[PDB]
>>> print(open('start_24.tsv').read())   # TSV, C-alpha atoms
chain	number	residue	atom	x	y	z
A	1	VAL	CA	113.28	201.49	73.01
A	2	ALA	CA	113.04	205.27	72.92
A	3	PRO	CA	109.54	206.66	72.19
A	4	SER	CA	111.04	209.08	69.67
A	5	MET	CA	111.78	206.10	67.43
A	6	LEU	CA	108.12	205.06	67.66
A	7	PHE	CA	107.08	208.63	66.86
A	8	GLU	CA	109.29	208.80	63.76
A	9	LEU	CA	108.16	205.35	62.60
A	10	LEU	CA	104.53	206.44	62.89
A	11	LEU	CA	105.19	209.74	61.12
A	12	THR	CA	107.34	208.66	58.17
A	13	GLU	CA	107.14	204.92	57.45
A	14	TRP	CA	103.36	204.90	57.95
A	15	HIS	CA	103.02	208.44	56.53
A	16	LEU	CA	100.96	209.85	59.42
A	17	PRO	CA	100.63	213.62	59.90
A	18	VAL	CA	95.59	210.55	71.86
A	19	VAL	CA	93.62	207.60	73.27
A	20	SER	CA	95.56	204.67	74.73
A	21	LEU	CA	94.06	201.20	75.22
A	22	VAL	CA	95.37	199.27	78.23
A	23	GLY	CA	92.51	196.79	78.30
A	24	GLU	CA	90.42	194.24	76.36
A	25	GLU	CA	93.34	191.80	76.75
A	26	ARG	CA	91.71	189.45	79.27
A	27	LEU	CA	89.99	186.18	78.38
A	28	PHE	CA	86.61	187.82	79.00
A	29	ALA	CA	85.48	190.18	76.24
A	30	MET	CA	82.66	192.69	75.87
A	31	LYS	CA	79.34	191.67	74.34
A	32	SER	CA	78.04	192.62	70.90
A	33	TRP	CA	75.93	195.48	72.24
A	34	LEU	CA	78.92	196.96	74.05
A	35	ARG	CA	81.29	196.59	71.11
A	36	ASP	CA	78.62	198.37	69.06
A	37	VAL	CA	78.42	201.23	71.59
A	38	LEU	CA	82.19	201.66	71.71
A	39	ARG	CA	82.36	201.24	67.93
A	40	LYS	CA	79.92	204.06	67.21
A	41	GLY	CA	81.63	206.11	69.91
A	42	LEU	CA	85.14	205.75	68.50
A	43	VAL	CA	83.71	206.48	65.05
A	44	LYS	CA	81.97	209.67	66.20
A	45	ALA	CA	84.92	210.86	68.29
A	46	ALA	CA	87.40	210.23	65.47
A	47	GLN	CA	85.36	211.64	62.57
A	48	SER	CA	85.79	215.19	63.92
A	49	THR	CA	89.53	215.59	63.26
A	50	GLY	CA	92.57	213.55	62.24
A	51	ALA	CA	93.95	211.58	65.19
A	52	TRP	CA	95.57	208.22	65.94
A	53	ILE	CA	94.14	205.35	68.00
A	54	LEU	CA	96.88	203.71	70.09
A	55	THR	CA	96.00	200.05	70.66
A	56	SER	CA	97.58	196.60	70.80
A	57	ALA	CA	97.57	195.12	67.29
A	58	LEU	CA	96.50	191.65	68.39
A	59	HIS	CA	93.18	190.12	67.30
A	60	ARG	CA	84.73	190.84	61.27
A	61	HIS	CA	81.81	193.26	61.59
A	62	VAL	CA	83.46	195.27	64.39
A	63	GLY	CA	86.57	195.47	62.23
A	64	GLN	CA	84.36	196.80	59.46
A	65	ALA	CA	83.09	199.24	62.10
A	66	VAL	CA	86.60	200.50	62.82
A	67	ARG	CA	87.35	200.68	59.09
A	68	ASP	CA	84.25	202.73	58.25
A	69	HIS	CA	84.95	204.97	61.24
A	70	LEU	CA	105.83	196.18	76.77
A	71	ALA	CA	104.40	198.32	79.57
A	72	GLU	CA	107.05	200.89	80.52
A	73	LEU	CA	107.30	202.07	76.91
A	74	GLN	CA	103.54	202.62	76.66
A	75	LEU	CA	103.38	204.65	79.87
A	76	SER	CA	106.47	206.67	78.98
A	77	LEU	CA	105.05	207.51	75.55
A	78	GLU	CA	101.70	208.51	77.08
A	79	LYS	CA	103.40	210.72	79.68
A	80	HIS	CA	105.57	212.37	77.02
A	81	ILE	CA	102.48	212.70	74.86
A	82	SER	CA	100.28	214.26	77.50
A	83	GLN	CA	103.13	216.27	78.94
A	84	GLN	CA	103.85	218.17	75.71
A	85	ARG	CA	102.54	218.69	72.16
A	86	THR	CA	100.88	215.65	70.59
A	87	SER	CA	99.46	229.17	75.05
A	88	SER	CA	98.04	225.73	75.85
A	89	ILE	CA	100.36	222.84	76.70
A	90	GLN	CA	97.64	220.24	77.32
A	91	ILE	CA	96.50	217.81	74.63
A	92	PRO	CA	94.09	214.84	74.45
A	93	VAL	CA	95.61	212.09	76.59
A	94	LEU	CA	93.18	209.27	77.27
A	95	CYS	CA	93.26	205.85	78.82
A	96	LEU	CA	90.59	203.18	78.40
A	97	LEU	CA	90.61	199.88	80.30
A	98	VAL	CA	88.48	196.86	79.37
A	99	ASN	CA	88.57	193.47	81.12
A	100	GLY	CA	91.52	194.24	83.36
A	101	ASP	CA	94.11	191.68	84.43
A	102	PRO	CA	95.81	191.18	87.82
A	103	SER	CA	99.14	191.35	86.01
A	104	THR	CA	98.29	194.77	84.53
A	105	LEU	CA	97.61	196.41	87.91
A	106	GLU	CA	101.22	197.63	87.89
A	107	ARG	CA	100.84	199.60	84.65
A	108	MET	CA	97.57	201.07	85.92
A	109	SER	CA	99.09	202.18	89.23
A	110	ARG	CA	102.08	203.64	87.39
A	111	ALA	CA	99.80	205.57	85.03
A	112	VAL	CA	97.79	206.87	87.99
A	113	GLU	CA	101.07	208.04	89.53
A	114	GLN	CA	101.76	209.87	86.25
A	115	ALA	CA	98.33	211.56	86.63
A	116	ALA	CA	96.69	209.87	83.65
A	117	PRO	CA	92.89	209.69	83.30
A	118	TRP	CA	91.25	206.28	83.36
A	119	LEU	CA	87.92	204.95	82.13
A	120	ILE	CA	86.21	201.97	83.78
A	121	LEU	CA	83.43	200.13	81.93
A	122	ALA	CA	80.72	198.57	84.08
A	123	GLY	CA	79.29	196.84	81.01
A	124	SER	CA	82.68	195.28	80.24
A	125	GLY	CA	82.27	192.65	82.96
A	126	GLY	CA	85.98	191.87	83.14
A	127	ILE	CA	88.19	193.09	85.98
A	128	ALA	CA	86.63	196.53	85.52
A	129	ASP	CA	83.60	195.37	87.54
A	130	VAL	CA	86.13	194.34	90.19
A	131	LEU	CA	87.33	197.93	90.64
A	132	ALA	CA	83.79	199.31	90.35
A	133	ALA	CA	82.55	197.14	93.22
A	134	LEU	CA	85.90	197.79	94.92
A	135	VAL	CA	84.98	201.46	95.28
A	136	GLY	CA	82.37	200.06	97.67
A	137	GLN	CA	84.39	197.04	98.83
A	138	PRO	CA	86.81	197.35	101.79
A	139	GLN	CA	90.21	189.71	101.32
A	140	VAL	CA	86.82	188.89	99.83
A	141	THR	CA	87.64	191.18	96.90
A	142	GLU	CA	90.76	189.15	96.11
A	143	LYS	CA	88.67	185.98	96.39
A	144	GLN	CA	86.13	187.36	93.90
A	145	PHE	CA	89.03	188.27	91.61
A	146	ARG	CA	90.46	184.75	91.88
A	147	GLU	CA	87.10	183.07	91.24
A	148	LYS	CA	85.99	185.32	88.37
A	149	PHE	CA	89.44	185.01	86.74
A	150	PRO	CA	90.70	181.43	87.04
A	151	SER	CA	93.76	182.09	84.85
A	152	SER	CA	96.42	182.30	95.23
A	153	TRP	CA	97.09	183.98	98.57
A	154	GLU	CA	100.14	185.75	97.15
A	155	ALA	CA	98.25	186.87	94.04
A	156	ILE	CA	95.23	187.86	96.14
A	157	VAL	CA	97.41	189.94	98.46
A	158	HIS	CA	99.23	191.57	95.55
A	159	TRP	CA	95.95	192.41	93.81
A	160	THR	CA	94.59	193.78	97.08
A	161	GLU	CA	97.63	196.04	97.49
A	162	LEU	CA	97.36	197.22	93.87
A	163	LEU	CA	93.63	197.93	94.24
A	164	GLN	CA	94.27	199.83	97.47
A	165	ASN	CA	97.00	201.93	95.87
A	166	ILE	CA	94.73	202.59	92.88
A	167	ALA	CA	91.73	203.59	94.99
A	168	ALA	CA	94.10	206.26	96.28
A	169	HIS	CA	93.35	208.52	93.31
A	170	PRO	CA	89.78	207.77	92.13
A	171	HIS	CA	89.26	211.36	90.93
A	172	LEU	CA	90.15	210.42	87.35
A	173	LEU	CA	88.28	207.13	87.72
A	174	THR	CA	84.87	207.32	86.04
A	175	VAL	CA	82.37	204.57	85.22
A	176	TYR	CA	81.05	204.10	81.68
A	177	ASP	CA	77.95	201.88	81.59
A	178	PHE	CA	77.21	201.86	77.86
A	179	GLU	CA	74.16	199.71	78.60
A	180	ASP	CA	76.73	209.50	75.08
A	181	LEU	CA	80.47	208.85	74.78
A	182	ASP	CA	81.58	212.40	73.94
A	183	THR	CA	79.92	213.82	77.05
A	184	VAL	CA	81.40	211.23	79.40
A	185	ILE	CA	84.78	211.83	77.77
A	186	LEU	CA	84.51	215.54	78.49
A	187	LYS	CA	83.19	214.93	82.01
A	188	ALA	CA	86.07	212.60	82.86
A	189	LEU	CA	88.53	215.11	81.42
A	190	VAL	CA	87.17	218.06	83.39
A	191	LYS	CA	87.03	215.90	86.53
A	192	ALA	CA	90.68	214.93	86.03
A	193	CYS	CA	91.58	218.59	85.51
A	194	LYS	CA	89.70	219.76	88.60
A	195	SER	CA	90.95	216.95	90.85
A	196	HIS	CA	94.60	217.99	90.82
A	197	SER	CA	94.17	221.77	90.70
A	198	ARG	CA	91.54	224.42	89.95
A	199	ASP	CA	92.59	227.34	87.77
A	200	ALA	CA	91.46	229.28	84.72
A	201	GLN	CA	94.42	228.17	82.59
A	202	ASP	CA	93.88	224.54	83.58
A	203	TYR	CA	90.21	224.55	82.60
A	204	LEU	CA	91.11	226.49	79.44
A	205	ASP	CA	92.23	223.33	77.65
A	206	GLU	CA	88.98	221.55	78.47
A	207	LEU	CA	87.15	224.62	77.19
A	208	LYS	CA	89.06	224.44	73.92
A	209	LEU	CA	88.05	220.79	73.66
A	210	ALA	CA	84.41	221.64	74.34
A	211	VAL	CA	84.46	224.31	71.64
A	212	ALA	CA	85.98	221.72	69.31
A	213	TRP	CA	83.12	219.33	70.09
A	214	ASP	CA	80.43	222.01	70.58
A	215	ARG	CA	79.18	220.47	73.84
A	216	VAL	CA	78.35	223.97	75.06
A	217	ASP	CA	75.48	222.90	77.31
A	218	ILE	CA	77.64	220.36	79.13
A	219	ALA	CA	80.39	222.97	79.45
A	220	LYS	CA	77.93	225.40	81.02
A	221	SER	CA	76.42	222.87	83.40
A	222	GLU	CA	79.65	221.27	84.58
A	223	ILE	CA	82.30	224.01	84.47
A	224	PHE	CA	81.21	227.64	84.57
A	225	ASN	CA	78.19	227.39	86.86
A	226	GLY	CA	79.91	224.51	88.62
A	227	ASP	CA	83.10	225.85	90.18
A	228	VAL	CA	85.07	228.41	88.21
A	229	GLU	CA	84.75	232.17	88.67
A	230	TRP	CA	86.35	233.92	85.74
A	231	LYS	CA	88.64	236.83	84.92
A	232	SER	CA	87.91	239.19	82.05
A	233	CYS	CA	91.27	239.35	80.25
A	234	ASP	CA	92.08	235.62	80.32
A	235	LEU	CA	88.77	234.91	78.60
A	236	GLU	CA	89.32	237.37	75.74
A	237	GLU	CA	91.48	235.22	73.47
A	238	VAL	CA	88.98	232.36	73.82
A	239	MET	CA	86.12	234.38	72.33
A	240	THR	CA	88.18	235.13	69.22
A	241	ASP	CA	88.45	231.46	68.34
A	242	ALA	CA	84.75	230.87	68.95
A	243	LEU	CA	83.93	233.97	66.91
A	244	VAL	CA	85.80	232.54	63.94
A	245	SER	CA	84.46	229.03	64.43
A	246	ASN	CA	80.90	230.10	63.50
A	247	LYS	CA	80.00	228.91	67.00
A	248	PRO	CA	77.48	231.52	68.20
A	249	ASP	CA	76.15	230.01	71.42
A	250	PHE	CA	79.59	229.88	73.04
A	251	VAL	CA	79.72	233.64	72.50
A	252	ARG	CA	76.45	233.97	74.39
A	253	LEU	CA	77.92	232.01	77.29
A	254	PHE	CA	81.07	234.11	77.20
A	255	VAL	CA	79.30	237.46	77.38
A	256	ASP	CA	77.23	235.77	80.08
A	257	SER	CA	80.56	234.72	81.55
A	258	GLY	CA	81.29	238.41	81.93
A	259	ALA	CA	83.29	238.92	78.74
A	260	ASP	CA	83.06	242.59	77.75
A	261	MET	CA	83.06	243.07	73.99
A	262	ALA	CA	83.45	246.84	74.47
A	263	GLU	CA	86.97	246.09	75.67
A	264	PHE	CA	87.41	242.66	74.10
A	265	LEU	CA	87.32	243.90	70.52
A	266	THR	CA	90.13	245.81	68.84
A	267	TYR	CA	90.38	247.08	65.28
A	268	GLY	CA	93.23	244.62	64.92
A	269	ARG	CA	90.97	241.84	66.14
A	270	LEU	CA	88.45	242.71	63.44
A	271	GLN	CA	91.31	242.89	60.95
A	272	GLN	CA	92.24	239.34	61.89
A	273	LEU	CA	88.61	238.22	61.66
A	274	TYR	CA	88.14	239.69	58.20
A	275	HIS	CA	91.45	238.34	56.94
A	276	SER	CA	90.21	234.96	58.26
A	277	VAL	CA	87.33	234.50	55.80
A	278	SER	CA	86.63	231.71	53.33
A	279	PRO	CA	88.50	232.26	50.04
A	280	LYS	CA	85.69	230.36	48.32
A	281	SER	CA	83.31	232.98	49.72
A	282	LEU	CA	82.22	235.49	47.10
A	283	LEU	CA	82.71	238.31	49.62
A	284	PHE	CA	86.40	237.39	49.73
A	285	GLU	CA	86.49	237.55	45.93
A	286	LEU	CA	85.00	241.05	45.95
A	287	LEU	CA	87.40	242.11	48.71
A	288	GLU	CA	90.33	240.92	46.61
A	289	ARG	CA	89.13	242.98	43.64
A	290	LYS	CA	88.53	246.08	45.76
A	291	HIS	CA	91.96	245.83	47.36
>>> encode(input="start_24.tsv", output="structure tokens")
Amino acid sequence: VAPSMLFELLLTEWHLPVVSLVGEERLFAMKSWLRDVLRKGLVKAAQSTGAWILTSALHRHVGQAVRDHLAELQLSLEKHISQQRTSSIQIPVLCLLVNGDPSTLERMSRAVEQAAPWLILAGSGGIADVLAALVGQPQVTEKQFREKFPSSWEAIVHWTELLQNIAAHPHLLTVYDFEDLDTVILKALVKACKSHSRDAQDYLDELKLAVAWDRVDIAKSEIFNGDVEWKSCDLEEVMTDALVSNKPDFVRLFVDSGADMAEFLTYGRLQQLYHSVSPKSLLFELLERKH
């Protein structure tokens, strides 16, 4: 099944104008406290803009929570998704695993090969804890898998090989012990960006996200002071957006980042700014009359 068919069916038949779930399918589930944390988190992360939540539509208060707020196809759609759309070519591609399975190690390794970020929940207590302790673990790990998940030497060896191949790229692997979701989201995303390659354009997408979510302090602590040393011109465009967004602090960071307004601003830039004012604003009404 081509993912374009899925895209059209989501757009038209369900009238729609990305976070992928590849977990929660095991016998073990997360407790009430944890479902509440992830519930409030999905609510807060989704209430900012209009996005879709890609999950498996298999089975009251947590459903009220969401309301108030096989494998190759999924990975291919995510890769197409992250790869383009869905001058910045990077969008919000996200994977979240809860209560992993030994049968789903293949999809996880394949997604890692496609350079997809992954979230591991220590509070989940499923096969996530397996990988968390595996980061420390070196045989006995496969035995702990077999005992904790009763649902085999061959299976133990296969799970060991999958865990070894996964541990290969732990840069995008980040632990979420819910026992702030937006900040860990952004931290995992910037870690995934920095792992592969460090560049201004690469971090630019994460910066756009931060501006969207106004986590300016986290952006300062983890990105600018952290690694990147910036160029004047590349930054310029960024400021414009922030300037329109009524986000003042970001501007302070940017001039602190070495952005030079004396050369940043152009009369055309101000023309754009002034044309980009609220029509409901009375100033705009007076401007219309004067013009």
>>> closest_atom_pairs(input="start_24.tsv", of="segment 8-125 of chain A", to="segment 150-170 of chain A", cutoff="7 Å", atoms="only C-alpha atoms", output="CSV")
residue,atom,partner,partner_atom,distance
A:102,CA,A:159,CA,6.1
A:105,CA,A:162,CA,6.0
A:109,CA,A:166,CA,5.7
>>> write_last_selection(input="start_24.tsv", atoms="C-alpha atoms", output="PDB file, keeping the file's coordinate frame")
ATOM      1  CA  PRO A 102      95.810 191.180  87.820  1.00  0.00           C
ATOM      2  CA  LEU A 105      97.610 196.410  87.910  1.00  0.00           C
ATOM      3  CA  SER A 109      99.090 202.180  89.230  1.00  0.00           C
TER       4      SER A 109
END
>>> residues_near_point(input="start_24.tsv", point="(88.3, 227.9, 82.1)", cutoff="12 Å", atoms="only C-alpha atoms", output="PyMOL selection string")
chain A and resi 88+190+193-194+198-211+219-220+222-239+254+257
>>> write_last_selection(input="start_24.tsv", atoms="C-alpha atoms", output="mmCIF file, in the coordinates of the input")
data_model
loop_
_atom_site.group_PDB
_atom_site.id
_atom_site.type_symbol
_atom_site.label_atom_id
_atom_site.label_comp_id
_atom_site.auth_asym_id
_atom_site.auth_seq_id
_atom_site.Cartn_x
_atom_site.Cartn_y
_atom_site.Cartn_z
ATOM 1 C CA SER A 88 98.040 225.730 75.850
ATOM 2 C CA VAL A 190 87.170 218.060 83.390
ATOM 3 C CA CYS A 193 91.580 218.590 85.510
ATOM 4 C CA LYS A 194 89.700 219.760 88.600
ATOM 5 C CA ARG A 198 91.540 224.420 89.950
ATOM 6 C CA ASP A 199 92.590 227.340 87.770
ATOM 7 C CA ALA A 200 91.460 229.280 84.720
ATOM 8 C CA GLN A 201 94.420 228.170 82.590
ATOM 9 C CA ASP A 202 93.880 224.540 83.580
ATOM 10 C CA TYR A 203 90.210 224.550 82.600
ATOM 11 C CA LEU A 204 91.110 226.490 79.440
ATOM 12 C CA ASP A 205 92.230 223.330 77.650
ATOM 13 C CA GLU A 206 88.980 221.550 78.470
ATOM 14 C CA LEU A 207 87.150 224.620 77.190
ATOM 15 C CA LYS A 208 89.060 224.440 73.920
ATOM 16 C CA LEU A 209 88.050 220.790 73.660
ATOM 17 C CA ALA A 210 84.410 221.640 74.340
ATOM 18 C CA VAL A 211 84.460 224.310 71.640
ATOM 19 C CA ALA A 219 80.390 222.970 79.450
ATOM 20 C CA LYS A 220 77.930 225.400 81.020
ATOM 21 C CA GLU A 222 79.650 221.270 84.580
ATOM 22 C CA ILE A 223 82.300 224.010 84.470
ATOM 23 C CA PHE A 224 81.210 227.640 84.570
ATOM 24 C CA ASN A 225 78.190 227.390 86.860
ATOM 25 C CA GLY A 226 79.910 224.510 88.620
ATOM 26 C CA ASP A 227 83.100 225.850 90.180
ATOM 27 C CA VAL A 228 85.070 228.410 88.210
ATOM 28 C CA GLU A 229 84.750 232.170 88.670
ATOM 29 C CA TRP A 230 86.350 233.920 85.740
ATOM 30 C CA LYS A 231 88.640 236.830 84.920
ATOM 31 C CA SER A 232 87.910 239.190 82.050
ATOM 32 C CA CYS A 233 91.270 239.350 80.250
ATOM 33 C CA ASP A 234 92.080 235.620 80.320
ATOM 34 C CA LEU A 235 88.770 234.910 78.600
ATOM 35 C CA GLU A 236 89.320 237.370 75.740
ATOM 36 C CA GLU A 237 91.480 235.220 73.470
ATOM 37 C CA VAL A 238 88.980 232.360 73.820
ATOM 38 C CA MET A 239 86.120 234.380 72.330
ATOM 39 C CA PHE A 254 81.070 234.110 77.200
ATOM 40 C CA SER A 257 80.560 234.720 81.550
#
>>> atom_distance(input="start_24.tsv", atom1="atom CA of residue 182 of chain A", atom2="atom CA of residue 216 of chain A")
12.1 Å
>>> residues_around(input="start_24.tsv", residues="residue 35 of chain A", least_positions_apart="2", cutoff="12 Å", atoms="all atoms listed in the file", output="ChimeraX atom specification")
/A:24,29-33,37-43,60-63,65-66,98,121,123-124,178-179
>>> atom_distance(input="start_24.tsv", atom1="atom CA of residue 120 of chain A", atom2="atom CA of residue 137 of chain A")
15.9 Å
>>> residues_near_point(input="start_24.tsv", point="(110.8, 202.6, 77.6)", cutoff="10 Å", atoms="all atoms listed in the file", output="NGL selection string")
:A and (1-3 or 70-77)
>>> closest_residue(input="start_24.tsv", among="A:51, A:106, A:117, A:189", to="residue 86 of chain A", atoms="all atoms listed in the file")
A:51
>>> atom_distance(input="start_24.tsv", atom1="atom CA of residue 140 of chain A", atom2="atom CA of residue 34 of chain A")
28.1 Å
>>> closest_residue(input="start_24.tsv", among="A:47, A:215, A:23, A:116", to="residue 171 of chain A", atoms="all atoms listed in the file")
A:116
>>> residues_around(input="start_24.tsv", residues="residue 145 of chain A", least_positions_apart="3", cutoff="8 Å", atoms="only C-alpha atoms", output="MDAnalysis selection string")
chainID A and resid 127 130 141:142 148:149 156
>>> residues_around(input="start_24.tsv", residues="segment 8-17 of chain A", least_positions_apart="2", cutoff="10 Å", atoms="all atoms listed in the file", output="PyMOL selection string")
chain A and resi 3-6+50-52
>>> closest_residue(input="start_24.tsv", among="A:188, A:7, A:135, A:143", to="residue 81 of chain A", atoms="all atoms listed in the file")
A:7
>>> closest_residue(input="start_24.tsv", among="A:99, A:114, A:281, A:144", to="residue 172 of chain A", atoms="only C-alpha atoms")
A:114
>>> closest_residue(input="start_24.tsv", among="A:286, A:111, A:91, A:175", to="residue 18 of chain A", atoms="only C-alpha atoms")
A:91
>>> closest_residue(input="start_24.tsv", among="A:173, A:212, A:243, A:22", to="residue 273 of chain A", atoms="all atoms listed in the file")
A:243
>>> residues_around(input="start_24.tsv", residues="residue 276 of chain A", least_positions_apart="3", cutoff="12 Å", atoms="all atoms listed in the file", output="list in words")
residues 240, 241, 243, 244, 245, 246, 269, 270, 271, 272, 273, 279, 280, 281, 283 and 284 of chain A
